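Scroll down for the structure; my scribbles are underneath it.
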Amino acid sequence: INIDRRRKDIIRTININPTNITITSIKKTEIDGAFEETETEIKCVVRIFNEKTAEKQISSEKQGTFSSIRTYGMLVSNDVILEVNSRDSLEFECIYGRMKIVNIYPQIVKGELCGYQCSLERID
Amino acid sequence: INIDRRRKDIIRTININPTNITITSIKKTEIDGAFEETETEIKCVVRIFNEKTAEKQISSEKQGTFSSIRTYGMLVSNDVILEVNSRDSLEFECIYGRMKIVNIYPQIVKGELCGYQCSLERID
Amino acid sequence: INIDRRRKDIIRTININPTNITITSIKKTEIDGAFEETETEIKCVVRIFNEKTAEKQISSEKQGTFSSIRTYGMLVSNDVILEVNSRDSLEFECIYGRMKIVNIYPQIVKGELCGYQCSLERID
Amino acid sequence: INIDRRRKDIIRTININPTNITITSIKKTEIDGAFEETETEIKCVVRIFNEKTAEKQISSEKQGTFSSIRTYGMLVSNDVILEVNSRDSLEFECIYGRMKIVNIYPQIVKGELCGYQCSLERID
Amino acid sequence: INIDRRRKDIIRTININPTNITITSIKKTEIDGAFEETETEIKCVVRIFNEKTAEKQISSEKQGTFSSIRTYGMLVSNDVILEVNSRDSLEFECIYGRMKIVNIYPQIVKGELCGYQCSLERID
Amino acid sequence: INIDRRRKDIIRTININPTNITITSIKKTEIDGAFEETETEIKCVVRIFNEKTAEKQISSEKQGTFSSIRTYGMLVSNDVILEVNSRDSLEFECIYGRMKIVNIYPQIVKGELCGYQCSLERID
Amino acid sequence: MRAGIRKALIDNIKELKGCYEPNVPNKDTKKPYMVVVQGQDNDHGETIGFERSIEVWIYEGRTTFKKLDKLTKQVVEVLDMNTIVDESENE
């Protein structure tokens with residue numbers, strides 16, 4: 001495969017059904033054995049799709065109650081570098097509950113990055 | 001795909017085998033650290049279909065005995081905005097047990113909502 | 001789908017390999033915070049078929065030992081209304097172990113019930 | 001389907017690769033709140049086949065160590081009536097471990113039994 | 001199926017990609033309520049193949065750490081009789097980790113044995 | 001299959017989308033009932049590909065928090081011998097999180113080794 | 001202190017094939033082998049001070065338990081109240 005073909009395919013696929021998004025990134029950095037959070041915000045046009053069939057698991061405790069589900073995937077172009085990590089998070093406010101980028105699969109061709117396939121968790 | 005095609009398709013699919021319902025919506029709102037419930041009702045013509053093969057679970061704990069199955073889906077048009085949440089619940093009843101909208105997937109085309117595809121839990 | 005085709009199909013399918021059955025219906029009614037059971041019987045010609053591959057569970061304890069398998073399904077026509085519930089049960093005596101109706105999927109067409117598609121445990 | 005077609009099919013299938021067997025039936029009967037066992041033996045020509053790609057389970061404890069696997073199915077004609085319950089068992093000596101008839105699926109056509117489909121544990 | 005075809009097929013497919021091994025059999029025999037082990041060795045030309053996609057289980061406690069994967073199958077001709085049992089084991093020192101014959105499926109045609117299909121763990 | 005075809009296929013597949021990488025190997029050797037870690041590095045040209053659809057799993061304890069995922073796999077040529085074991089590890093610094101070789105499937109033809117198929121965890 | 005117990009057990013017991021730390025041995029270790037797990041340290045008053053717990057887990061090849069009984073008696077005889085010198089820590 002050529003890099004340009006993958007780039008054109010991803011850009012087209014995003015542009016069939018795009019959604020504007022404001023990813024908010026909370027990066028934890030180790031300081032004196034604890035964390036400091038540096039909130040940084042970015043915007044990317046993105047297509048959201050259903051990658052899995054699953055059931056909304058719910059977790060209620062004395063801490064609180066939230067129900068999440070893992071069906072929605074996500075596809076984003078190469079315009080911005082993304083990194084989700086044990087210490088880093090990427091989320092955005094969709095009207096149907098918040099959505100959190102659980103994992104990022106970077107689409108690489110011959111060592112050149114040209115977009116990320118992504119998996120979301122729609123937190124209600 | 002263009003939005004009017006989804007419009008026609010969802011309306012035809014609903015009208016092939018429609019069922020009238022009265023989805024009662026109970027929304028919890030935080031008030032002084034506790035919930036205050038607002039109960040509202042809405043009516044929609046909707047189609048109900050199988051989407052999974054599952055087995056009826058039975059709780060039967062000290063509280064009481066309710067048995068539920070997560071089989072039936074649901075496909076409702078865009079005529080009414082629905083939101084199901086950890087705090088919000090949408091339920092109705094056919095004669096064969098109450099049915100609870102576990103989750104709603106909003107069918108969106110180019111950022112315009114054009115009908116909800118849904119999931120149910122038949123609580124016997 | 002016209003309903004008459006569904007009726008003809010279900011009746012014809014039942015008549016390929018029918019079995020006479022005596023459903024013993026035991027319904028629990030809440031009386032003074034406890035149950036009062038009213039046992040009633042109904043007869044229906046019914047076809048029984050395999051619907052899953054499953055392994056026989058065996059529950060042995062000081063209450064007693066009984067083994068069940070959730071393999072067999074069931075297909076019964078519109079002639080009789082059926083309802084299985086947390087409080088309601090429908091068993092019948094097959095020679096190869098007692099047969100218990102776990103769940104009932106009613107085959108509805110345009111809001112008119114045309115027959116029940118069903119699932120069983122073979123308790124023995 | 002006709003009964004004779006099924007009979008021909010099952011007899012042919014057994015006769016492609018038959019194996020002589022001595023099923024030994026141990027039936028437990030309730031007597032004064034306990035079991036009295038009556039051991040009886042039968043012989044049937046039988047075909048044995050793989051039905052599942054299961055994995056061997058090993059159950060080691062102070063009572064003893066035995067390893068079983070649910071791979072092998074079994075097919076037997078109508079010549080002998082078989083019944084397996086919680087209180088009844090059917091096993092036989094295959095050279096590679098003793099087999100044990102876990103479950104019996106009776107192939108019935110129009111209420112006339114024509115042969116049993118069966119599932120086995122090969123207890124090592 | 002004529003047996004000679006099965007024999008020819010097994011011998012061919014073994015000879016497509018054969019590997020020499022030295023299966024070492026450790027047979028436990030009951031003696032005064034405890035085991036007495038007799039170690040024996042046998043050599044066979046055998047083909048090794050993938051039969052499952054599975055993850056490498058890792059077991060680590062005060063007895064020791066060992067990791068095993070249950071993916072590799074095995075196919076061996078009729079030249080040697082094999083039996084694996086709760087009390088008997090068959091292993092061979094293949095490079096890239098010890099191999100261990102978990103289960104032996106005997107390929108029988110009309111009651112005559114003409115090869116074993118077999119499953120392995122690669123105990124690293 | 002001839003070995004030349006397999007070698008040509010593996011080298012071609014690696015060269016479609018290669019990634020130079022520095023696998024670091026930490027081999028534990030038993031010394032007086034404990035381990036000594038012999039760390040050494042190797043370099044190989046390698047293609048990385050998705051082999052499973054699995055969800056990222058997070059392990060947070062008082063020891064620390066890390067999140068791994070078993071999605072990715074590896075293909076590597078015959079140029080270097082690799083062994084992963086309970087006492088041996090192979091990892092490398094991929095930019096999208098550190099990556100660890102869980103398992104190695106050696107591609108052997110006629111008893112000659114001509115490349116490894118392989119599986120990874122992306123330890124974020 | 002692990003080194004002292006390991007050295008004593010290896011020196012004095014000859015049926016023993018090796019004495020390892022908790023999660024060291026792999027599946028091709030030669031049996032019988034022993035494992036020296038170190039337990040709690042608890043304060044047990046002024047006369048005893050801090051008391052440490054140790055376990056010497058014996059492992060054997062599942063021939064019969066009588067060999068394990070013999071080896072247990074050997075370990076108890078070797079370690080019970082016999083002063084052990086740890087060369088690594090020189091205590």
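Going by the structure tokens order, chains are called A, B, ..., each with residues numbered from 1, while ligands are numbered from 1 in the order shown.
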Both chains have the same sequence, so match all Cα atoms in order, fit chain E onto chain A by least squares, and return it as a short mmCIF file (atom, residue, chain, number, x, y, z; two decimals) with C-alpha atoms, in the first residue's frame.
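The resulting selection-v5.cif:
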data_model
loop_
_atom_site.label_atom_id
_atom_site.label_comp_id
_atom_site.auth_asym_id
_atom_site.auth_seq_id
_atom_site.Cartn_x
_atom_site.Cartn_y
_atom_site.Cartn_z
CA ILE E 1 0.17 -0.01 -0.15
CA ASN E 2 1.24 3.50 -1.06
CA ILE E 3 0.75 5.82 1.91
CA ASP E 4 -1.09 8.48 -0.09
CA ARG E 5 -3.94 6.04 -0.70
CA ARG E 6 -4.27 5.40 3.03
CA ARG E 7 -4.30 9.14 3.71
CA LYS E 8 -6.91 9.75 1.03
CA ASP E 9 -9.08 6.90 2.32
CA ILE E 10 -8.97 8.10 5.92
CA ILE E 11 -9.70 11.71 4.95
CA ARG E 12 -12.59 10.63 2.74
CA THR E 13 -14.21 8.24 5.22
CA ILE E 14 -13.89 10.90 7.91
CA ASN E 15 -15.53 13.41 5.57
CA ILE E 16 -18.41 11.03 4.76
CA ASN E 17 -19.85 11.60 8.26
CA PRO E 18 -17.65 14.02 10.19
CA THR E 19 -18.21 15.33 13.70
CA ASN E 20 -16.34 18.22 15.31
CA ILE E 21 -15.11 17.58 18.84
CA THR E 22 -12.88 19.15 21.49
CA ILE E 23 -10.69 16.41 22.94
CA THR E 24 -9.48 17.48 26.39
CA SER E 25 -6.21 15.85 27.44
CA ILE E 26 -5.34 15.53 31.13
CA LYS E 27 -1.72 14.38 31.38
CA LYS E 28 -0.46 13.26 34.78
CA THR E 29 3.23 13.98 35.43
CA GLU E 30 5.16 12.50 38.34
CA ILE E 31 6.23 15.12 40.89
CA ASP E 32 7.76 14.12 44.24
CA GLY E 33 6.09 10.73 44.12
CA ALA E 34 2.67 12.09 43.17
CA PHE E 35 0.89 13.36 40.07
CA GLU E 36 0.66 16.92 38.76
CA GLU E 37 -2.02 17.29 36.09
CA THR E 38 -1.83 19.62 33.08
CA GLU E 39 -5.14 19.97 31.24
CA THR E 40 -5.04 20.78 27.52
CA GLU E 41 -7.62 20.83 24.72
CA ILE E 42 -7.47 19.99 21.02
CA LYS E 43 -10.08 20.06 18.24
CA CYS E 44 -10.38 17.48 15.48
CA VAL E 45 -12.94 16.52 12.85
CA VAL E 46 -13.59 12.84 13.43
CA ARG E 47 -15.96 10.05 12.44
CA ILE E 48 -17.62 7.93 15.14
CA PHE E 49 -18.85 4.41 14.39
CA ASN E 50 -19.98 1.21 16.04
CA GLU E 51 -17.21 -1.39 16.36
CA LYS E 52 -18.72 -3.89 18.83
CA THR E 53 -22.02 -5.17 20.12
CA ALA E 54 -21.78 -5.11 23.91
CA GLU E 55 -23.92 -4.57 26.99
CA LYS E 56 -23.86 -1.47 29.17
CA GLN E 57 -21.93 -2.21 32.35
CA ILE E 58 -23.30 -0.43 35.42
CA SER E 59 -21.08 0.24 38.45
CA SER E 60 -22.84 1.45 41.59
CA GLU E 61 -21.34 1.72 45.08
CA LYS E 62 -20.79 4.34 47.77
CA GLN E 63 -18.48 6.36 45.52
CA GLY E 64 -21.21 6.91 42.94
CA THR E 65 -23.14 5.31 40.11
CA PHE E 66 -21.97 5.43 36.52
CA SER E 67 -22.76 3.24 33.51
CA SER E 68 -20.44 2.85 30.52
CA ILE E 69 -20.61 0.97 27.22
CA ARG E 70 -17.59 0.03 25.12
CA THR E 71 -19.13 -0.20 21.63
CA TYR E 72 -18.24 3.01 19.79
CA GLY E 73 -15.06 3.24 17.76
CA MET E 74 -13.39 6.32 16.35
CA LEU E 75 -11.36 7.24 13.28
CA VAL E 76 -9.22 10.40 13.29
CA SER E 77 -6.81 11.75 10.69
CA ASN E 78 -3.11 12.51 11.13
CA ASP E 79 -3.60 16.24 11.78
CA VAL E 80 -2.99 15.86 15.55
CA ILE E 81 -0.85 13.45 17.55
CA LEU E 82 -2.73 11.50 20.23
CA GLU E 83 -1.40 9.39 23.08
CA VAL E 84 -3.50 7.58 25.68
CA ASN E 85 -1.67 5.95 28.54
CA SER E 86 -2.12 4.73 32.09
CA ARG E 87 -1.27 8.31 33.16
CA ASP E 88 -2.86 10.19 30.22
CA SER E 89 -6.51 10.37 29.18
CA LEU E 90 -8.47 11.80 26.26
CA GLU E 91 -12.18 12.61 26.50
CA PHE E 92 -14.68 14.88 24.82
CA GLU E 93 -18.19 16.04 25.70
CA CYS E 94 -20.29 14.43 23.02
CA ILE E 95 -24.03 14.72 23.60
CA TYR E 96 -25.62 11.41 24.69
CA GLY E 97 -22.88 10.92 27.27
CA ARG E 98 -19.22 11.72 27.68
CA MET E 99 -16.86 9.84 25.36
CA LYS E 100 -13.49 8.52 26.49
CA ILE E 101 -10.71 7.23 24.23
CA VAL E 102 -9.76 3.90 25.78
CA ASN E 103 -7.23 2.83 23.16
CA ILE E 104 -5.53 4.23 20.07
CA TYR E 105 -4.47 2.00 17.19
CA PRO E 106 -2.09 4.07 15.01
CA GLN E 107 -2.46 3.44 11.29
CA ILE E 108 1.17 3.37 10.15
CA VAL E 109 2.41 2.72 6.61
CA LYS E 110 6.16 2.18 6.11
CA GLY E 111 6.91 3.85 9.42
CA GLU E 112 4.97 7.04 8.64
CA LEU E 113 1.80 7.65 10.63
CA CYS E 114 -1.28 8.67 8.64
CA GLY E 115 -4.21 8.37 11.05
CA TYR E 116 -5.46 6.60 14.17
CA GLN E 117 -8.10 3.95 14.54
CA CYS E 118 -9.55 4.34 17.99
CA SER E 119 -11.96 2.91 20.56
CA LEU E 120 -14.28 4.69 22.99
CA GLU E 121 -16.43 4.29 26.06
CA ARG E 122 -19.67 6.27 26.19
CA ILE E 123 -19.65 7.05 29.92
CA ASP E 124 -23.29 7.90 30.49
#
(message) Near chain E, meaning an atom within 10 Å, which residues of chain G appear when counting only C-alpha atoms? Write them as a list in words.
(response)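 Within 10 Å of chain E on chain G, we get residues 20, 21, 22, 23, 24, 25, 26, 27, 28, 29, 33, 34, 35, 36, 37, 57, 58, 59, 61, 62, 63, 64, 65 and 66 of chain G.
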(message) Based on the backbone DSSP call, show me all residues of chain G assigned strand (DSSP E or B), as number ranges by chain.
(response) G: 18-20, 33-43, 50-59
For the residues in that selection, give me C-alpha atoms as a PDB file, in the first residue's frame.
ATOM      1  CA  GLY G  18      18.455 -27.749  45.257  1.00  0.00           C
ATOM      2  CA  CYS G  19      17.109 -25.073  47.570  1.00  0.00           C
ATOM      3  CA  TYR G  20      15.574 -22.041  45.874  1.00  0.00           C
ATOM      4  CA  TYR G  33      13.892 -29.363  46.042  1.00  0.00           C
ATOM      5  CA  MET G  34      13.156 -26.968  48.885  1.00  0.00           C
ATOM      6  CA  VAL G  35      11.930 -23.387  49.024  1.00  0.00           C
ATOM      7  CA  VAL G  36      12.733 -20.931  51.818  1.00  0.00           C
ATOM      8  CA  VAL G  37       9.845 -18.499  52.338  1.00  0.00           C
ATOM      9  CA  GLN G  38      10.426 -15.757  54.918  1.00  0.00           C
ATOM     10  CA  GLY G  39       7.434 -14.760  57.024  1.00  0.00           C
ATOM     11  CA  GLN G  40       6.500 -11.921  59.336  1.00  0.00           C
ATOM     12  CA  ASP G  41       8.588 -10.160  61.935  1.00  0.00           C
ATOM     13  CA  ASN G  42       6.428  -9.527  65.006  1.00  0.00           C
ATOM     14  CA  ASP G  43       7.263  -7.900  68.325  1.00  0.00           C
ATOM     15  CA  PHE G  50      11.224  -9.307  67.288  1.00  0.00           C
ATOM     16  CA  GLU G  51      10.484 -12.884  66.235  1.00  0.00           C
ATOM     17  CA  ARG G  52      10.783 -13.847  62.574  1.00  0.00           C
ATOM     18  CA  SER G  53       8.888 -16.677  60.893  1.00  0.00           C
ATOM     19  CA  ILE G  54      10.368 -18.935  58.217  1.00  0.00           C
ATOM     20  CA  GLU G  55       8.974 -21.779  56.143  1.00  0.00           C
ATOM     21  CA  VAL G  56      11.036 -24.438  54.381  1.00  0.00           C
ATOM     22  CA  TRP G  57       8.643 -25.843  51.797  1.00  0.00           C
ATOM     23  CA  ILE G  58       9.730 -29.284  50.654  1.00  0.00           C
ATOM     24  CA  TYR G  59       8.723 -30.517  47.207  1.00  0.00           C
TER      25      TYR G  59
END
(request) Find the distance between CA of residue 45 (chain G) and CA of residue 79 (chain G) and write it in Å to one decimal. (result)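 Between CA of residue 45 (chain G) and CA of residue 79 (chain G) the gap is 24.3 Å.
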(request) Within region 8-74 of chain G, find each residue whose DSSP state, derived from the backbone, is helix (DSSP H, G or I), and express the selection as a list in words. (result) residues 8, 9, 10, 11, 12, 45, 46, 47, 48, 65, 66, 67, 68, 69, 70, 71, 72, 73 and 74 of chain G
Dump as a tab-separated table (two decimals), in the first residue's frame, selection limited to N, CA, C and O atoms:
chain	number	residue	atom	x	y	z
G	8	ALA	N	22.92	-24.48	54.70
G	8	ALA	CA	22.84	-25.56	55.67
G	8	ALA	C	22.09	-26.75	55.10
G	8	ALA	O	22.54	-27.90	55.22
G	9	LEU	N	20.94	-26.50	54.47
G	9	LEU	CA	20.14	-27.60	53.94
G	9	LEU	C	20.89	-28.33	52.83
G	9	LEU	O	20.87	-29.56	52.78
G	10	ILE	N	21.55	-27.59	51.94
G	10	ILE	CA	22.29	-28.24	50.87
G	10	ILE	C	23.45	-29.05	51.44
G	10	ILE	O	23.68	-30.20	51.02
G	11	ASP	N	24.19	-28.48	52.38
G	11	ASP	CA	25.37	-29.17	52.91
G	11	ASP	C	24.98	-30.44	53.65
G	11	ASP	O	25.62	-31.49	53.47
G	12	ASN	N	23.94	-30.39	54.47
G	12	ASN	CA	23.66	-31.49	55.38
G	12	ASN	C	22.73	-32.54	54.80
G	12	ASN	O	22.77	-33.69	55.26
G	45	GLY	N	7.45	-9.05	72.83
G	45	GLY	CA	7.82	-8.70	74.18
G	45	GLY	C	9.29	-8.38	74.33
G	45	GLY	O	10.07	-8.36	73.37
G	46	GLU	N	9.67	-8.12	75.58
G	46	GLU	CA	11.04	-7.70	75.88
G	46	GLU	C	12.01	-8.88	75.85
G	46	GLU	O	13.17	-8.71	75.47
G	47	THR	N	11.55	-10.06	76.26
G	47	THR	CA	12.47	-11.20	76.36
G	47	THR	C	12.83	-11.77	75.00
G	47	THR	O	13.98	-12.18	74.80
G	48	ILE	N	11.88	-11.82	74.07
G	48	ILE	CA	12.11	-12.38	72.74
G	48	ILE	C	12.44	-11.28	71.75
G	48	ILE	O	13.20	-11.50	70.81
G	65	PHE	N	4.36	-40.37	49.68
G	65	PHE	CA	4.57	-39.38	50.73
G	65	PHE	C	5.61	-39.81	51.75
G	65	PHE	O	6.10	-38.96	52.50
G	66	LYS	N	5.95	-41.10	51.81
G	66	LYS	CA	6.90	-41.56	52.82
G	66	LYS	C	8.26	-40.92	52.62
G	66	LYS	O	8.97	-40.61	53.59
G	67	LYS	N	8.65	-40.71	51.36
G	67	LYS	CA	9.91	-40.02	51.10
G	67	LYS	C	9.84	-38.60	51.62
G	67	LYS	O	10.83	-38.07	52.16
G	68	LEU	N	8.68	-37.96	51.49
G	68	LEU	CA	8.53	-36.61	52.01
G	68	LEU	C	8.59	-36.59	53.53
G	68	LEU	O	9.12	-35.65	54.12
G	69	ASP	N	8.04	-37.62	54.18
G	69	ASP	CA	8.16	-37.70	55.64
G	69	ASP	C	9.61	-37.82	56.06
G	69	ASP	O	10.07	-37.15	57.00
G	70	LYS	N	10.36	-38.69	55.38
G	70	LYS	CA	11.78	-38.84	55.69
G	70	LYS	C	12.52	-37.53	55.50
G	70	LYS	O	13.33	-37.12	56.34
G	71	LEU	N	12.24	-36.84	54.40
G	71	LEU	CA	12.95	-35.60	54.12
G	71	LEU	C	12.56	-34.51	55.10
G	71	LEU	O	13.39	-33.67	55.47
G	72	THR	N	11.30	-34.51	55.56
G	72	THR	CA	10.88	-33.57	56.59
G	72	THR	C	11.63	-33.81	57.89
G	72	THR	O	12.08	-32.85	58.53
G	73	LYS	N	11.77	-35.07	58.29
G	73	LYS	CA	12.54	-35.36	59.50
G	73	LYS	C	13.98	-34.90	59.33
G	73	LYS	O	14.58	-34.36	60.26
G	74	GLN	N	14.55	-35.10	58.14
G	74	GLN	CA	15.92	-34.66	57.90
G	74	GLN	C	16.05	-33.14	58.04
G	74	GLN	O	16.99	-32.65	58.68
(message) Between CA of residue 30 (chain G) and CA of residue 84 (chain G), what distance in Å does the model show, to one decimal?
(response)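 It comes out at 25.8 Å.
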